[PDB]
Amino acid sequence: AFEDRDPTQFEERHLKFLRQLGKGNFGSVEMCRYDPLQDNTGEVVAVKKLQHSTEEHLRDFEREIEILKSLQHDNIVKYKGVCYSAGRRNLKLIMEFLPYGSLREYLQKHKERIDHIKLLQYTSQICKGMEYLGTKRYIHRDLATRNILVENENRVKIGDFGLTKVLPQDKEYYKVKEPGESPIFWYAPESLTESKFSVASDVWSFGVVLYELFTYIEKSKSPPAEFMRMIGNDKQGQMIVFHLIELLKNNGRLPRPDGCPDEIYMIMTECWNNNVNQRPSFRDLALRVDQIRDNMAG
């Protein structure tokens, strides 16, 4: 006999690998087919797992599963459950599968069909998704277009939370000392220099996402491609970070993309203020971006 009081627990035997969606360092995301009937009646899902797990990495993963479970918003990827695989001696995270993939590969593939008002719609939704996290005191710490997913032409969702921190009620930022390479060209200056993270540091990285949208993910226009151009293309290793910090702290910034409206470029530069306290909130950005759209609606 069988009684199911928990549909969030996926059975590993009925869960079948199809192709890799994303592969990192200590993690990986797969497209899977789940068939509790095995005649193929079950959902296509997305499954995250650990690779080169530490005991420390598993404790983080359990925390990231908690985070994602705590979130219900039209612009946050849907949690579906967990699978305790390897006969209950392993943990994996099960999520909805969004057919269009990450915003990055979508905008690179369909960059002709996607006009400015459209880029503005996805920008607004990323903002709302982030204002929702801030209501929870969550710090994302990794906004870039590869971590944003496209459910269809008119909706995107924030779709990874592997670095997400939860601020205590007492504090306004999270200092996190961590080993290994960081996405330095998306990082706020205080994040580069003091490992400090906050809603304001996510605001910074948001400005870079907006830049990425307005360059239509063109490789020669990308943040590292344009920063390396300013730092010097020949720089290697620690030297780059030294120069990137010095360039940022003296107000050097990414250029306005070809064809990007000044008012949209201006939003990027407000996001990139060295003064954490002069960065707009995500509520301010969603409101500005929606009024811009509405003034381009009629």
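The first residue of the shown sequence is 1; numbering continues from there.
Checked against the record, the higher mean CA B factor of 213 to 221 and 125 to 133 lies with 213 to 221. Stretch comparison (200 to 208 versus 87 to 95) by mean CA B-factor in the PDB entry places 87 to 95 on top.
Considering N154, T164, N75, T145 together, the PDB entry gives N154 the largest C-alpha B factor. The PDB entry gives the largest Cα B-factor of the residues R141, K175, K80, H116 to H116. Looking at the C-alpha B-factors along this chain, the one for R13 belongs to the highest third.
For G101, the recorded CA temperature factor ranks within the middle third of the chain's modelled residues. When the modelled residues of the chain are ordered by C-alpha B-factor, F242 sits in the lowest third. In this PDB entry, the Cα temperature factor of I65 sits in the bottom third of its chain's modelled residues, the lowest group. Compared with the other modelled residues of the chain, the Cα B-factor recorded for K48 ranks in the lowest third.
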